[PDB]
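First the structure, in the form of structure tokens, and then the observations on it.
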2 protein chains.
Amino acid sequence: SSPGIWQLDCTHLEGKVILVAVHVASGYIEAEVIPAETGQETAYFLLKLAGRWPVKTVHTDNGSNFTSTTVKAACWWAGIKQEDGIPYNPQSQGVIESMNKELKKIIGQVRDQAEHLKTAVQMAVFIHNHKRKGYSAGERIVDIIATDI
Amino acid sequence: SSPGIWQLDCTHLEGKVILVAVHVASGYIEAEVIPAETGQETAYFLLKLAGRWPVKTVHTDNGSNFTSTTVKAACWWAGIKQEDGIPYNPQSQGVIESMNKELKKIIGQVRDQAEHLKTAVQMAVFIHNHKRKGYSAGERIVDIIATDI
Ligand SMILES: CC(C)C[C@H](CNC(=O)CCCN)Cc1ccc2c(c1C(=O)O)OCO2
Ligand SMILES: CC(C)C[C@H](CNC(=O)CCCN)Cc1ccc2c(c1C(=O)O)OCO2
């Protein structure tokens with residue numbers, strides 16, 4: 001069910017890891033900076049996400065997170081169906097690749113306004129979610145979910 | 001105005017600080033655990049919040065955060081109108097007091113399922129936002145904002 005489908009995405013910058021969740025139908029994102037991708041960090045990120053939006057299904061970003069007993073525990077706790085992130089539809093790869101490039105571009109544009117990478121990432125999330133393309137990703141996710149309710 | 005109005009709230013547990021943002025019209029919350037309330041932490045919290053929901057006005061929780069140059073910078077950056085949290089309507093105090101008590105109750109109910117307080121707080125956010133009272137706070141915030149769009 002489209003309103004509840006999210007995709008995990010992990011990208012790298014400044015020797016750190018940026019963990020991203022994308023709401024597939026809208027392009028809306030949430031992101032955090034972590035020292036490295038672990039099952040524990042991914043699990044905690046999902047708990048946060050699921051308390052904020054009605055997360056039904058998550059396409060996990062890799063096999064280690066898919067396998068992680070802590071990720072499995074969090075998905076159980078939060079009522080999330082854990083699925084693989086295998087792009088059966090092959091355009092899914094390019095969309096995420098493009099989003100990572102786009103996010104890094106925005107991060108570079110704001111980078112000098114913040115001391116810490118985590119702050120620049122949140123500024124980039126803001127800009128991404130507010131950008132009109134016409135509705136913004138923030139507007140689309142709200143409309144999609146409201147219609148579903 | 002109503003769709004974009006949030007209230008900051010700071011409460012204490014286990015020698016730590018729980019920073020809460022409440023969407024006044026719906027009762028929907030976002031929360032984080034921090035070692036202590038500083039302007040820096042409050043500012044960062046607001047940047048995160050504003051990238052995720054259309055935050056127009058924030059009733060700050062105290063005068064130190066209202067005054068903080070870092071909080072002011074974040075509100076400027078994110079297009080947030082910073083206001084005081086003075087309850088001209090005196091029922092506002094009791095509503096927040098009650099929410100803090102309610103949150104702590106839920107935290108106590110989940111506390112043994114997580115090692116770390118921050119995790120229990122996110123579990124409590126989840127339970128709070130999903131609880132049907134009939135719509136949940138999560139459903140109400142989405143409806144309110146969608147209608148506004
Ligand atoms: C709001 C922005 C224009 C300036 C804030 C204040 N920053 C500055 O004024 C310094 C910018 C000069 N390079 C950024 C900020 C807010 C809150 C934080 C931060 C940072 C950050 O700088 O990363 O770290 C964690 O908590
Ligand atoms: C999902 C929950 C039932 C179990 C997770 C795994 N926890 C356990 O199984 C231990 C439970 C001990 N009572 C909780 C968890 C997930 C992710 C984290 C955590 C914690 C946490 O425990 O606080 O800390 C930071 O990152």
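Convention: chains lettered A, B, ... in structure tokens order; per-chain residue numbering from 1; ligands numbered from 1 as shown.
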
Got a sec to align chain A on chain B by every in-order Cα pair and hand back the fitted coordinates as a PDB file with C-alpha atoms, in the first residue's frame?
```pdb
ATOM      1  CA  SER A   1      -2.430  30.341  11.539  1.00  0.00           C
ATOM      2  CA  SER A   2      -3.385  27.182  13.421  1.00  0.00           C
ATOM      3  CA  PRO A   3      -1.887  24.504  11.103  1.00  0.00           C
ATOM      4  CA  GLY A   4       1.639  25.894  11.633  1.00  0.00           C
ATOM      5  CA  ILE A   5       1.654  26.493  15.421  1.00  0.00           C
ATOM      6  CA  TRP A   6       3.947  24.459  17.682  1.00  0.00           C
ATOM      7  CA  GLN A   7       4.844  24.667  21.375  1.00  0.00           C
ATOM      8  CA  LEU A   8       8.179  23.727  22.919  1.00  0.00           C
ATOM      9  CA  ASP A   9       8.191  21.833  26.201  1.00  0.00           C
ATOM     10  CA  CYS A  10      11.124  20.678  28.310  1.00  0.00           C
ATOM     11  CA  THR A  11      10.769  17.926  30.941  1.00  0.00           C
ATOM     12  CA  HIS A  12      13.195  15.875  33.077  1.00  0.00           C
ATOM     13  CA  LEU A  13      13.698  12.140  33.724  1.00  0.00           C
ATOM     14  CA  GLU A  14      16.644   9.934  34.841  1.00  0.00           C
ATOM     15  CA  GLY A  15      18.823  13.035  35.274  1.00  0.00           C
ATOM     16  CA  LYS A  16      18.355  13.847  31.580  1.00  0.00           C
ATOM     17  CA  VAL A  17      16.290  16.330  29.589  1.00  0.00           C
ATOM     18  CA  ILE A  18      13.449  15.444  27.220  1.00  0.00           C
ATOM     19  CA  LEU A  19      12.763  18.177  24.683  1.00  0.00           C
ATOM     20  CA  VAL A  20       9.270  18.023  23.188  1.00  0.00           C
ATOM     21  CA  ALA A  21       7.558  19.892  20.366  1.00  0.00           C
ATOM     22  CA  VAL A  22       3.747  19.731  20.374  1.00  0.00           C
ATOM     23  CA  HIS A  23       1.590  20.622  17.392  1.00  0.00           C
ATOM     24  CA  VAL A  24      -1.008  22.532  19.357  1.00  0.00           C
ATOM     25  CA  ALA A  25      -4.064  21.877  17.156  1.00  0.00           C
ATOM     26  CA  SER A  26      -3.589  18.065  16.969  1.00  0.00           C
ATOM     27  CA  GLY A  27      -1.594  17.025  20.052  1.00  0.00           C
ATOM     28  CA  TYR A  28       1.005  15.371  17.776  1.00  0.00           C
ATOM     29  CA  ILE A  29       4.527  15.386  19.232  1.00  0.00           C
ATOM     30  CA  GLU A  30       8.169  15.023  18.340  1.00  0.00           C
ATOM     31  CA  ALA A  31      10.718  14.498  21.139  1.00  0.00           C
ATOM     32  CA  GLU A  32      14.430  13.979  21.794  1.00  0.00           C
ATOM     33  CA  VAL A  33      16.643  13.262  24.789  1.00  0.00           C
ATOM     34  CA  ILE A  34      19.523  15.721  25.395  1.00  0.00           C
ATOM     35  CA  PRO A  35      22.061  16.000  28.256  1.00  0.00           C
ATOM     36  CA  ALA A  36      20.843  19.506  29.077  1.00  0.00           C
ATOM     37  CA  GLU A  37      18.743  22.250  27.519  1.00  0.00           C
ATOM     38  CA  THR A  38      21.031  24.669  25.683  1.00  0.00           C
ATOM     39  CA  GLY A  39      20.273  27.176  22.924  1.00  0.00           C
ATOM     40  CA  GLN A  40      22.366  25.052  20.589  1.00  0.00           C
ATOM     41  CA  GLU A  41      20.373  21.837  21.223  1.00  0.00           C
ATOM     42  CA  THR A  42      17.032  23.683  20.982  1.00  0.00           C
ATOM     43  CA  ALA A  43      18.113  25.349  17.722  1.00  0.00           C
ATOM     44  CA  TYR A  44      19.145  22.031  16.162  1.00  0.00           C
ATOM     45  CA  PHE A  45      15.870  20.413  17.287  1.00  0.00           C
ATOM     46  CA  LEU A  46      13.907  23.209  15.575  1.00  0.00           C
ATOM     47  CA  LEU A  47      15.863  22.818  12.321  1.00  0.00           C
ATOM     48  CA  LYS A  48      14.971  19.110  12.309  1.00  0.00           C
ATOM     49  CA  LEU A  49      11.326  19.807  13.093  1.00  0.00           C
ATOM     50  CA  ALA A  50      10.947  22.513  10.438  1.00  0.00           C
ATOM     51  CA  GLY A  51      12.371  20.260   7.687  1.00  0.00           C
ATOM     52  CA  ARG A  52       9.723  17.649   8.500  1.00  0.00           C
ATOM     53  CA  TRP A  53       6.532  19.736   9.116  1.00  0.00           C
ATOM     54  CA  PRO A  54       5.477  23.238   7.974  1.00  0.00           C
ATOM     55  CA  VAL A  55       6.419  25.107  11.159  1.00  0.00           C
ATOM     56  CA  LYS A  56       5.200  28.715  11.018  1.00  0.00           C
ATOM     57  CA  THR A  57       5.220  29.741  14.676  1.00  0.00           C
ATOM     58  CA  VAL A  58       6.915  28.322  17.747  1.00  0.00           C
ATOM     59  CA  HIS A  59       5.969  29.193  21.313  1.00  0.00           C
ATOM     60  CA  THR A  60       9.340  28.819  22.987  1.00  0.00           C
ATOM     61  CA  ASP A  61       9.445  27.053  26.345  1.00  0.00           C
ATOM     62  CA  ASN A  62      11.423  29.642  28.299  1.00  0.00           C
ATOM     63  CA  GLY A  63      13.193  32.985  28.133  1.00  0.00           C
ATOM     64  CA  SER A  64      16.705  31.613  27.716  1.00  0.00           C
ATOM     65  CA  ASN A  65      15.711  29.849  24.489  1.00  0.00           C
ATOM     66  CA  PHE A  66      13.672  32.890  23.403  1.00  0.00           C
ATOM     67  CA  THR A  67      16.782  35.036  23.911  1.00  0.00           C
ATOM     68  CA  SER A  68      19.362  32.567  22.514  1.00  0.00           C
ATOM     69  CA  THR A  69      21.162  33.954  19.461  1.00  0.00           C
ATOM     70  CA  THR A  70      21.506  30.380  18.120  1.00  0.00           C
ATOM     71  CA  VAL A  71      17.754  29.749  18.514  1.00  0.00           C
ATOM     72  CA  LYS A  72      17.093  33.094  16.822  1.00  0.00           C
ATOM     73  CA  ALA A  73      19.461  32.099  13.976  1.00  0.00           C
ATOM     74  CA  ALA A  74      17.688  28.768  13.466  1.00  0.00           C
ATOM     75  CA  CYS A  75      14.258  30.388  13.478  1.00  0.00           C
ATOM     76  CA  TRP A  76      15.478  32.929  10.930  1.00  0.00           C
ATOM     77  CA  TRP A  77      17.030  30.203   8.772  1.00  0.00           C
ATOM     78  CA  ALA A  78      13.898  28.026   8.843  1.00  0.00           C
ATOM     79  CA  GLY A  79      11.332  30.851   8.446  1.00  0.00           C
ATOM     80  CA  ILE A  80       9.866  30.338  11.904  1.00  0.00           C
ATOM     81  CA  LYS A  81       8.203  33.143  13.858  1.00  0.00           C
ATOM     82  CA  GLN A  82       9.535  32.884  17.382  1.00  0.00           C
ATOM     83  CA  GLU A  83       7.000  33.762  20.052  1.00  0.00           C
ATOM     84  CA  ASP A  84       6.881  33.517  23.819  1.00  0.00           C
ATOM     85  CA  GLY A  85       5.119  30.551  25.449  1.00  0.00           C
ATOM     86  CA  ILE A  86       3.204  32.720  27.903  1.00  0.00           C
ATOM     87  CA  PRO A  87      -0.141  31.039  28.527  1.00  0.00           C
ATOM     88  CA  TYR A  88      -2.471  34.015  28.043  1.00  0.00           C
ATOM     89  CA  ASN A  89      -5.004  31.208  27.843  1.00  0.00           C
ATOM     90  CA  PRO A  90      -4.325  29.658  31.282  1.00  0.00           C
ATOM     91  CA  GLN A  91      -5.477  26.130  30.290  1.00  0.00           C
ATOM     92  CA  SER A  92      -2.265  25.806  28.213  1.00  0.00           C
ATOM     93  CA  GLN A  93      -0.216  25.116  31.380  1.00  0.00           C
ATOM     94  CA  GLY A  94      -2.420  22.209  32.460  1.00  0.00           C
ATOM     95  CA  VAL A  95      -2.467  20.666  28.974  1.00  0.00           C
ATOM     96  CA  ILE A  96       1.365  20.526  28.872  1.00  0.00           C
ATOM     97  CA  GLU A  97       1.608  19.412  32.502  1.00  0.00           C
ATOM     98  CA  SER A  98      -0.853  16.620  31.675  1.00  0.00           C
ATOM     99  CA  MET A  99       1.059  15.659  28.522  1.00  0.00           C
ATOM    100  CA  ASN A 100       4.343  15.445  30.440  1.00  0.00           C
ATOM    101  CA  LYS A 101       2.701  13.195  33.043  1.00  0.00           C
ATOM    102  CA  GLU A 102       1.129  11.120  30.259  1.00  0.00           C
ATOM    103  CA  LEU A 103       4.458  10.837  28.412  1.00  0.00           C
ATOM    104  CA  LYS A 104       6.290   9.775  31.549  1.00  0.00           C
ATOM    105  CA  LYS A 105       3.598   7.157  32.198  1.00  0.00           C
ATOM    106  CA  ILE A 106       4.092   5.687  28.722  1.00  0.00           C
ATOM    107  CA  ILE A 107       7.868   5.852  29.154  1.00  0.00           C
ATOM    108  CA  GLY A 108       7.507   3.841  32.391  1.00  0.00           C
ATOM    109  CA  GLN A 109       5.355   1.258  30.581  1.00  0.00           C
ATOM    110  CA  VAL A 110       7.997   0.698  27.861  1.00  0.00           C
ATOM    111  CA  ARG A 111      11.075   1.440  29.955  1.00  0.00           C
ATOM    112  CA  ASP A 112      12.122  -2.186  30.460  1.00  0.00           C
ATOM    113  CA  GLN A 113      11.972  -2.935  26.694  1.00  0.00           C
ATOM    114  CA  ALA A 114      14.897  -0.621  25.969  1.00  0.00           C
ATOM    115  CA  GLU A 115      18.342  -0.204  27.489  1.00  0.00           C
ATOM    116  CA  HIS A 116      18.540   3.532  26.766  1.00  0.00           C
ATOM    117  CA  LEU A 117      16.162   6.321  27.735  1.00  0.00           C
ATOM    118  CA  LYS A 118      16.293   7.846  24.230  1.00  0.00           C
ATOM    119  CA  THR A 119      14.812   4.621  22.803  1.00  0.00           C
ATOM    120  CA  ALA A 120      12.006   4.542  25.407  1.00  0.00           C
ATOM    121  CA  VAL A 121      11.197   8.163  24.579  1.00  0.00           C
ATOM    122  CA  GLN A 122      10.836   7.302  20.863  1.00  0.00           C
ATOM    123  CA  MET A 123       8.595   4.342  21.777  1.00  0.00           C
ATOM    124  CA  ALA A 124       6.501   6.742  23.882  1.00  0.00           C
ATOM    125  CA  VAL A 125       6.277   9.229  20.953  1.00  0.00           C
ATOM    126  CA  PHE A 126       5.062   6.351  18.747  1.00  0.00           C
ATOM    127  CA  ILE A 127       2.411   5.248  21.248  1.00  0.00           C
ATOM    128  CA  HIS A 128       1.277   8.840  21.881  1.00  0.00           C
ATOM    129  CA  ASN A 129       0.943   9.712  18.189  1.00  0.00           C
ATOM    130  CA  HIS A 130      -0.859   6.444  17.272  1.00  0.00           C
ATOM    131  CA  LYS A 131      -3.357   6.416  20.186  1.00  0.00           C
ATOM    132  CA  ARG A 132      -6.963   6.703  19.002  1.00  0.00           C
ATOM    133  CA  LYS A 133      -9.068   9.169  21.040  1.00  0.00           C
ATOM    134  CA  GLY A 134     -12.068   8.952  16.823  1.00  0.00           C
ATOM    135  CA  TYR A 135      -8.702   9.873  15.278  1.00  0.00           C
ATOM    136  CA  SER A 136      -5.093   9.732  16.452  1.00  0.00           C
ATOM    137  CA  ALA A 137      -2.853  12.763  16.797  1.00  0.00           C
ATOM    138  CA  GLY A 138      -0.928  11.551  13.720  1.00  0.00           C
ATOM    139  CA  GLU A 139      -4.140  11.420  11.711  1.00  0.00           C
ATOM    140  CA  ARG A 140      -5.263  14.859  12.955  1.00  0.00           C
ATOM    141  CA  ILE A 141      -2.035  16.677  12.081  1.00  0.00           C
ATOM    142  CA  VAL A 142      -2.061  15.249   8.535  1.00  0.00           C
ATOM    143  CA  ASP A 143      -5.750  16.189   8.016  1.00  0.00           C
ATOM    144  CA  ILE A 144      -5.204  19.695   9.387  1.00  0.00           C
ATOM    145  CA  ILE A 145      -2.204  20.376   7.149  1.00  0.00           C
ATOM    146  CA  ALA A 146      -3.736  18.764   4.037  1.00  0.00           C
ATOM    147  CA  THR A 147      -6.857  20.926   4.461  1.00  0.00           C
ATOM    148  CA  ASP A 148      -4.599  23.985   4.798  1.00  0.00           C
ATOM    149  CA  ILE A 149      -2.821  23.094   1.532  1.00  0.00           C
TER     150      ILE A 149
END
```

- Message: When DSSP is applied to the backbone of this structure, which of segment 9-149 of chain B are assigned helix (DSSP H, G or I)? Write them out as an MDAnalysis selection string.
- Response: chainID B and resid 39:52 63:67 69:78 91:113 117:130 137:148

- Any chance you could list, as number ranges by chain, the residues in chain A that come up strand (DSSP E or B) when DSSP is run on the backbone? A: 5-13, 16-23, 28-34, 57-59, 81-83, 132, 136

Restrict the selected residues to N, CA, C and O atoms and save them as a compact mmCIF listing (two decimals), in the first residue's frame.
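Saved file again19.txt follows:
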```txt
# COMPACT_ATOMS: atom_id res chain seq x y z
N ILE A 5 4.85 3.16 2.16
CA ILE A 5 6.10 2.56 1.67
C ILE A 5 7.30 3.51 1.72
O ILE A 5 7.28 4.58 1.10
N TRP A 6 8.35 3.09 2.41
CA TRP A 6 9.57 3.86 2.55
C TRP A 6 10.77 3.03 2.10
O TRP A 6 10.73 1.81 2.15
N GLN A 7 11.83 3.72 1.69
CA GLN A 7 13.07 3.10 1.24
C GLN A 7 14.24 3.65 2.03
O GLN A 7 14.42 4.87 2.10
N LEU A 8 15.06 2.77 2.60
CA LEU A 8 16.27 3.20 3.26
C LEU A 8 17.40 3.37 2.26
O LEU A 8 17.46 2.65 1.25
N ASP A 9 18.29 4.30 2.56
CA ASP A 9 19.37 4.71 1.67
C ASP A 9 20.52 5.19 2.55
O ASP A 9 20.33 5.99 3.48
N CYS A 10 21.71 4.66 2.30
CA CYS A 10 22.88 5.04 3.07
C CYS A 10 23.93 5.64 2.14
O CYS A 10 24.32 5.00 1.17
N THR A 11 24.36 6.87 2.42
CA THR A 11 25.41 7.52 1.63
C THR A 11 26.51 8.09 2.53
O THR A 11 26.34 8.20 3.74
N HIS A 12 27.66 8.43 1.93
CA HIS A 12 28.85 8.83 2.69
C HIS A 12 29.33 10.23 2.31
O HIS A 12 29.24 10.63 1.16
N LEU A 13 29.84 10.95 3.31
CA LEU A 13 30.37 12.31 3.14
C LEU A 13 31.20 12.70 4.37
O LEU A 13 30.82 12.41 5.50
N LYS A 16 31.85 10.32 7.18
CA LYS A 16 30.70 9.96 8.00
C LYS A 16 29.62 9.32 7.13
O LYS A 16 29.74 9.28 5.91
N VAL A 17 28.59 8.82 7.78
CA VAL A 17 27.49 8.15 7.12
C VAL A 17 26.21 8.97 7.27
O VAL A 17 25.89 9.44 8.37
N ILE A 18 25.50 9.16 6.16
CA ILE A 18 24.20 9.81 6.15
C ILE A 18 23.16 8.75 5.85
O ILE A 18 23.18 8.12 4.78
N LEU A 19 22.28 8.52 6.82
CA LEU A 19 21.21 7.55 6.69
C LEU A 19 19.95 8.29 6.30
O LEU A 19 19.55 9.23 6.98
N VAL A 20 19.33 7.86 5.19
CA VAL A 20 18.17 8.53 4.62
C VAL A 20 17.00 7.56 4.53
O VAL A 20 17.19 6.39 4.19
N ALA A 21 15.80 8.05 4.85
CA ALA A 21 14.57 7.33 4.55
C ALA A 21 13.78 8.17 3.55
O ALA A 21 13.53 9.35 3.81
N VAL A 22 13.41 7.56 2.43
CA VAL A 22 12.61 8.23 1.40
C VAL A 22 11.22 7.63 1.35
O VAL A 22 11.07 6.41 1.27
N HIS A 23 10.21 8.49 1.39
CA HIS A 23 8.84 8.09 1.15
C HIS A 23 8.66 8.01 -0.35
O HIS A 23 8.63 9.04 -1.05
N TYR A 28 9.58 12.66 -0.29
CA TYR A 28 9.87 13.28 1.01
C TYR A 28 10.92 12.45 1.74
O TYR A 28 10.89 11.23 1.69
N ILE A 29 11.84 13.13 2.43
CA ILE A 29 12.91 12.43 3.13
C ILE A 29 13.06 12.84 4.59
O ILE A 29 12.66 13.93 5.00
N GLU A 30 13.62 11.91 5.37
CA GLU A 30 14.15 12.18 6.68
C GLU A 30 15.58 11.63 6.64
O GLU A 30 15.83 10.65 5.94
N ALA A 31 16.50 12.30 7.33
CA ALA A 31 17.91 11.90 7.32
C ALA A 31 18.60 12.19 8.64
O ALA A 31 18.18 13.09 9.40
N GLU A 32 19.65 11.42 8.92
CA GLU A 32 20.50 11.62 10.10
C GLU A 32 21.94 11.30 9.74
O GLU A 32 22.20 10.48 8.86
N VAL A 33 22.87 11.93 10.45
CA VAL A 33 24.28 11.58 10.37
C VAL A 33 24.63 10.62 11.51
O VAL A 33 24.30 10.87 12.67
N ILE A 34 25.32 9.53 11.17
CA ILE A 34 25.82 8.56 12.16
C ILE A 34 27.28 8.22 11.89
O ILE A 34 27.73 8.39 10.77
N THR A 57 5.72 -0.39 5.32
CA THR A 57 6.72 -1.22 4.69
C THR A 57 8.00 -0.44 4.52
O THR A 57 7.97 0.72 4.12
N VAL A 58 9.13 -1.08 4.80
CA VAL A 58 10.43 -0.49 4.57
C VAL A 58 11.27 -1.40 3.67
O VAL A 58 11.46 -2.58 3.99
N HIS A 59 11.77 -0.84 2.57
CA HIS A 59 12.73 -1.53 1.73
C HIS A 59 14.09 -1.20 2.31
O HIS A 59 14.58 -0.06 2.20
N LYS A 81 6.56 -3.91 8.11
CA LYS A 81 6.95 -5.03 7.26
C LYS A 81 8.31 -4.76 6.65
O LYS A 81 8.46 -3.81 5.87
N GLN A 82 9.29 -5.58 6.98
CA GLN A 82 10.62 -5.41 6.46
C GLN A 82 10.70 -6.14 5.13
O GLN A 82 10.35 -7.31 5.04
N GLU A 83 11.14 -5.44 4.10
CA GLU A 83 11.34 -6.06 2.80
C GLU A 83 12.75 -5.76 2.32
O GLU A 83 13.43 -4.91 2.89
N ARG A 132 9.56 23.30 -4.50
CA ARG A 132 8.38 23.15 -5.36
C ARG A 132 8.81 22.64 -6.73
O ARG A 132 9.74 23.18 -7.33
N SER A 136 5.43 20.57 -3.33
CA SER A 136 6.66 20.10 -2.73
C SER A 136 6.47 18.68 -2.24
O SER A 136 5.34 18.18 -2.15
```
